[PDB]
Structure formats: structure tokens, C-alpha cells
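Residue numbers (PDB author numbering), protein chains in the order written: chain F, 302 to 398; chain Z, 156 to 350; chain H, 204 to 301; chain C, 253 to 301; chain L, 107 to 155; chain Y, 58 to 106.
Note that beta-carbon positions come from the ideal geometry of N, C-alpha and C, so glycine has one too.
In what follows, a structure is listed as C-alpha cells, so that the remarks can point back to it.
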Amino acid sequence: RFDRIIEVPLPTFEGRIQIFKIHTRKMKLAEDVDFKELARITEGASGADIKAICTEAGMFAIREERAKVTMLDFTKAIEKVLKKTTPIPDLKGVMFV
Amino acid sequence: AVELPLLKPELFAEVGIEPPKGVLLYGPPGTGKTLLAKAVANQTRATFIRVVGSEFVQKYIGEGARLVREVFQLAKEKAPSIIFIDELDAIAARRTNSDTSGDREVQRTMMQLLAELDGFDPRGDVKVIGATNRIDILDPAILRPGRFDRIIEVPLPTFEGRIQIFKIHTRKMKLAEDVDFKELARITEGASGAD
Amino acid sequence: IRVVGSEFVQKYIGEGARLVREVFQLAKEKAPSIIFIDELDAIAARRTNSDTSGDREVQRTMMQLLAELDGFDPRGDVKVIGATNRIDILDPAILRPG
Amino acid sequence: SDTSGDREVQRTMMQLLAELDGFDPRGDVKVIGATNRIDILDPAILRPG
Amino acid sequence: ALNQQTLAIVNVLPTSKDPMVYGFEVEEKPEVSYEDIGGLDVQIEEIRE
Amino acid sequence: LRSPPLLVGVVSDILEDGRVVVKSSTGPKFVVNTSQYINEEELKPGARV
Ligand SMILES: Nc1ncnc2c1ncn2[C@@H]1O[C@H](COP(=O)(O)OP(=O)(O)OP(=O)(O)O)[C@@H](O)[C@H]1O
Ligand SMILES: [Mg+2]
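This is the structure:
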């Protein structure tokens, strides 16, 4: 009835970066932004997530009164998005050798 | 999140800020979720469409979804517009469970909304202000960013916060020469702006 | 305006929400009016499952009367006045002072 | 029933029976049915005859 | 179409039931275009094939 | 285009003084005159006319 049954999972390391590339392109020039490094913080995120990180990275941009989106803005925005959904506890690791 | 798109788009252009597509509010009751929305309507002056997430769903099958679709298309037509939705509590269900009618007809009007904000064609100029009390019984599709980009918790005010809420009411009224707000706010800790 | 507030909530979907809406609207039109909502036991519901269909159906009717009550739409010099017998069933929304 | 289309479902079954071989001749028909799932049917239909 | 004045056919019309956006509306160019193929790239290839 | 209008009805009763009650596809019933431009044995309640 379909035949081509697709699981559309959460984007990979490489996948997430492709999405950031379109966004960064709209948010003008950069000089210290590394798309991989973004991936490592944002490890396990979705496509709509990345768009909202980008929206807030922009906001964070005008509080320093900038006309472009540098790396600090992304760091902050990633941190904000992620914040409500850390901490993830791993303090069973004091009960494991 | 809504003011800058309407008066200040030249600023979104210059930096390159992507458009937002809602801000979601939740919090304990009476904190002033309603006030935040009331201030925004009054103070951004653009099409304030006020609806209620329980006004939706009517006695004919599939009616509810039709009604929703009308609000969203009308906002698109009357853009710039802000839709203020109160109460997502009985129009969105995190569970899907079948062989029922009270939790399967409401899920097909839930599905329409997911789906009218980012519809086929994004965007409109909505900027949907969601308001609910708990997101624990809202679907994950509402809660995740890309619409409802900013997840604003609204908690119980702070100590200095509470001193300000007192002076908000006292300004309309009058008082004696013995009111120290600091001592009052201490007692009224743990309490919403309504209390 | 005297309403038995337990004879709202019909088994047909969203019809319940209709009925309470109309009575509320009349209340702003014909102001000052005192509305008596009897039994908030049965038009109130819990957010923790105890019947899948029951809690949510009732909730739509409930959140509707609440919306008119001070949700955004005018009070209309209402003035509720209402009774219930149980305070442990009450959805946090209506319960709070304000 | 909840009660817009629902009433109608029991309403149509009265017709189909009726004609099938309730009282009327049927000829070389040979009403052939099909259904998606196994048990979703009324007992009448399941019942040989 | 029937001319109401005497109630005969004066014109044959095209299809169908009544089309609104009951199968119509073509947009596929901005904002989502084929420059948004930076997915999720493998999933797009499955669709493409 | 100017029509030869004939309105479709079905026959409701037949009178034994030579008139026929036909109910219209519009809704009303009217009394009409019995054929002399066609068969009168092809008139019966339930005759499409
Ligand atoms: N932050 C505040 N500062 C000043 N007064 C407030 C504040 N919040 C609430 N109030 C007062 O309490 C009233 C009632 O609460 P309000 O309608 O603002 O609640 P809400 O958070 O939308 O609730 P619910 O969860 O029940 O839908 C206000 O109209 C105002 O008088
Ligand atoms: Mg509220």
C-alpha cells in the first residue's frame, strides 16, 4: 500500500551538520564556528531542534550587538536548548568500580 | 520573540535570525501566564486572535479539526497576527489509546493543529502563544522546538518578585505607615501571583 | 442563573463544552448575574488516569467553564458561588485563590 | 453509538440481511464480501447462512 | 450546466465533485526546496529511488 | 437549449375517473391527466413517468 517503508531516525553526526550549514549560511559569515564541534554537544537532537538553536543563536547575537553569528552565540544557544533536559544522572558510577 | 519580527525585521535581516514559530508557557496556576499574554496583545498591537483549546471539538465527527483549520487559515489571511491559545490541556494528548471516543476524537484535532502551524506551507506569521498548565499530558510534537521555539516555564515568583506583586496591588489601593513588603513576601513564599 | 453543574458533560464529544459556553456568554450579556454551579465533583476530573475516556471528556467541559470564568473572557460581574462536596478531585486550575 | 454515523451502521445491516436471503429470492448472486481484520464482524456474518 | 430559464443543458463543464484545495495547491519551491537535501540524506535517497 | 421540458415523477395513485396523482422529483404531489399520448397500462403506482 506503500512498499517503501522508511524509518526516519534522528540525524547522525554528519546529518545534523548538513542542517546547520543551511542555517549558518543565512546567519552570515563566521570565523571560529566548527560544525563538528556543534555536533558533539548536540549529540542526539532533531532537525527542528537545530533550527531553534539557530533562532536563539541569533538572539544571543544582538545582546552583544553584532552583525554576524560567531561561535560564542552557538555555544550559548546549544547550551540553552539542551539545559532543561540535562542533568542526566550517572552517579550510580560511584556504586560501580 | 514576537515584537522584533513586527517592528524590527530589519534586525532579523542583518544578523540573519531565522523566524520563530511560537513560545510555549506553562506553570503553576494563577502565576500570571494570562497576564503575560494580555500584556503582549496590548503592547505589540497586531491581530490578536484569542481562542480556547476546548472551544474546538463539536458533536459531529471530524468537526473539531475543521474549526481549528479555520482559525489558522484566518490568521494567515489577516497576518501579521498573534494567536493566543489558552488551555492545551484538553486538545492535546500525549497518550494515544483506542476503543474510546473521549481519547480518540480529540486526537484527530490534536493531529490537525501539529499540522496547521507548520502546515504544508510554513510560517504564516504565527507566532502561536501556547498556554497550558502541564505539558505532561501534551503530545511531544508541541513541546519539541521548531514551533514553540522557546519553552518558557513560569514558576512561582521570587522573594524580590513577591515584593513587586504586592506593590502592584497596593498601588491601586492605599496603606498605612507600617507596611514592610520584605517581611510579607517572606511569609507568602511558595505562592503564585493569584494567591 | 442556577445550573446543576453535574448535568453538563454529555457522552457526545464536545457538546458538553458548547452548553457551558452559552450559559457563560449569557452571563456577561445580562450582567450583574450570580451563577450557581452545583457539584464540581462531577465536572471536575483528574489528570491521572482512572477512566481513559472519562477524565478527558469531562476535562473539555471543565476547561471551557474556567475559560469564561477568568481564563481570558469577561467575568461579567460573576460572582461564583458554587458548591462541591470534594476538594481532592479538583483540577488545580479552579482550585487556586483568584 | 456516538451517534452521527453510528446509528447508521446498525441501520444498514437491517437492509443487507433482509435482501441477502432473509425473505427474497437471490438467483445466482453470490454476494462476495471481504474484510481487513478477522473479528470486527457481527455474529450474523460469521454464522454460516 | 442547465440554463435555469427552461431547464435544459446548455454547456458541458469539467470535473469533479467540487474542487476546493480538495487535491490542489503546488508549492515545493521556497521556503522548503531541493536545497534542503542536507538531511537525513540517506532517507531522501530511499524516497528518490 | 430552449428545452422540451418534461419533469420526472413517480406515480403515487391512480383515480378511476381518469386522472393520476403523480409525486414530483421536486417534492410536491400534483394531480395530472392520464395518457392519450402513450400507454395507460404502463401507468401503475411506482411507474416512472
Ligand atoms: N504575576 C502577577 N502579578 C500581579 N498580579 C497577578 C500576577 N499573576 C496573577 N495576578 C493576579 O491574579 C489574577 C488571576 O490569575 P491569572 O488569570 O493571571 O492566571 P494563569 O496563570 O493564567 O492560570 P490557570 O492555570 O488557572 O489557567 C490576575 O488577573 C491578577 O489580578
Ligand atoms: Mg491560565
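Exercise for the section: Please state whether DSSP places residue 416 of chain Z in a helix, a strand or coil. Expected result: No information on residue 416 of chain Z is available, as it lies outside the stretch 156 to 350 that chain Z covers here.
Exercise for the section: With DSSP as the reference, label Z/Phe275 as helix, strand or coil. Expected result: In the three-state DSSP reduction, Z/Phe275 falls in the coil class, being neither helix nor strand.
Practice task
Take C/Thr287 and list the residues in its own chain whose beta-carbon comes closer than 8 Å to its own, dropping the five residues that flank it on each side.
Solution key: Within the same chain, and ignoring the five residues on either side of C/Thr287 in sequence, the residues whose Cβ sits closer than 8 Å to its Cβ are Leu293.
Exercise for the section: Within 10 angstroms of the Cβ of L/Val116, are there 16 or more other Cβ atoms? Answer buried if so, exposed if not. Expected result: exposed
Handout entry: Heavy atom of ligand 1 within 6 Å of Z/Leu190 beta-carbon
Key = yes
Problem - DSSP three-state assignment for Z/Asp241, whether helix, strand or coil - result: strand
Exercise for the section: Please report the residue range of the alpha helix (DSSP H) in which Z/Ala296 lies. Expected result: DSSP places Z/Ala296 inside the alpha helix (DSSP H), whose first and last residues are 295-298.
Practice task
State buried or exposed for Z/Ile290, treating a residue as buried only when at least 16 other CB atoms are found within 10 Å of its CB.
Solution key: With 16 or more other Cβ atoms from the protein chains shown falling within 10 Å of its own Cβ, Z/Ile290 counts as buried.
Practice task
Anything in the region 265-293 of chain C with a Cβ closer than 8 Å to a Cβ of chain Z? List those residues in chain order, please.
Solution key: Answer in chain order: no residues at all.
Handout entry: Separation of Z/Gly345 from H/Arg250, as counted between CA atoms
Key = 22 Å
Practice task
Assign Z/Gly208 to one of two classes, buried (16 or more other C-beta atoms within 10 Å of its C-beta) or exposed (fewer than that).
Solution key: buried
Practice task
Scan the region 323-342 of chain F for residues whose Cβ lies nearer than 9 Å to a Cβ of chain L and list them as they occur along the chain.
Solution key: Within the region 323-342 of chain F, contact with chain L at the beta-carbon level (separation under 9 Å) is assigned to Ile323.
Practice task
Name, in chain order, the residues that DSSP records as bridge partners for L/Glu137.
Solution key: DSSP output for L/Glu137 lists no bridge partner at all.
Handout entry: Contacting positions in the region 212-224 of chain Z - beta carbon closer than 8 Å to chain C
Key = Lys214, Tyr215, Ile216
Exercise for the section: Taking Z/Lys214 and Z/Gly279 to be in contact with their CB atoms under 8 Å, please state how far apart those CB atoms are, rounded to whole angstroms. Expected result: Rounded, the Cβ-Cβ distance is 29 Å, inconsistent with contact.
Problem - Contacts of Z/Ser209 in chain C (Cβ-Cβ under 7 Å) - result: Result: empty, since nearest Cβ-Cβ is about 18 Å, beyond 7 Å.
Practice task
List the endpoints of the continuous beta strand (DSSP E) containing Y/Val67.
Solution key: 66-71
Problem - Opposing strand residues paired with Z/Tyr181 [DSSP bridges] - result: Z/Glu308
Problem - Option in Z/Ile172, Z/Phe211, Z/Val178 with minimal Cα separation from F/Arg367 - result: Z/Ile172
Exercise for the section: Give the secondary structure of H/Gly301 by DSSP, where H, G and I count as helix, E and B as strand, and everything else as coil. Expected result: coil
Exercise for the section: Note down the Cα distance separating F/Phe314 from L/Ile150, rounded to an integer number of angstroms. Expected result: 17 Å
Practice task
Please report how far the alpha carbon of L/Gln111 lies from the alpha carbon of Z/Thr199, in whole angstroms.
Solution key: Using only the alpha carbons, I get a separation of about 55 Å.
Practice task
Between the Cα of Y/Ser92 and those of Y/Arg105, Y/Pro61, Y/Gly75, Y/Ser60, spot the shortest distance and give me the residue it belongs to.
Solution key: Y/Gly75
Problem - Boundaries (first-last residue) of the beta strand (DSSP E) holding Z/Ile284 - result: 283-286
Exercise for the section: Please classify F/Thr356: is it buried, with 16 or more other beta-carbons within 10 angstroms of its beta-carbon, or exposed? Expected result: buried
Practice task
Verify the contact flag: Z/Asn197, CB atom, against every heavy atom of ligand 1, threshold strictly below 6 Å.
Solution key: Z/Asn197: no, Cβ never under 6 Å from ligand 1.
Practice task
Please list the partners that L/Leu119 has in chain Y, where partner means a Cβ-to-Cβ separation under 8 Å.
Solution key: Those within 8 Å of L/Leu119 in chain Y number zero; the least Cβ separation is about 15 Å.
Practice task
List the whole-angstrom C-beta distance separating H/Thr264 from H/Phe211, where the pair is believed to meet the contact cut-off of C-beta under 8 Å.
Solution key: The beta-carbon distance between H/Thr264 and H/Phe211, rounded to whole angstroms, is 5 Å. This is short enough to meet the 8 Å contact definition.
Exercise for the section: Go ahead and label H/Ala234 buried or exposed: buried means 16 or more other beta carbons lie within 10 angstroms of its beta carbon, across all protein chains shown. Expected result: exposed
Problem - Z/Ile323 CB to nearest heavy atom of ligand 1 below 6 Å - result: yes
Problem - Cβ-heavy atom distance, L/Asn117 to ligand 3, below 6 Å - result: For the structure depicted, ligand 3 is absent and the ligand set comprises only ligand 1 and ligand 2.
Practice task
Taking F/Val309 as the reference, give the member of F/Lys329, F/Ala378, F/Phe303, F/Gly348 with the closest Cα.
Solution key: F/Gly348
Exercise for the section: Could you round the C-beta distance between Z/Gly177 and Z/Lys282 to whole angstroms and report it? I think they count as a contact, below 8 Å. Expected result: 7 Å
Problem - Test item: CB-CB of Z/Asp335 and H/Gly274 under 7 Å - result: no
Practice task
Starting from L/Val138, find everything on chain Y with Cβ-Cβ shorter than 9 Å and list it in chain order.
Solution key: Against chain Y, a Cβ distance below 9 Å from L/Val138 picks out nothing, because the smallest value is about 50 Å.
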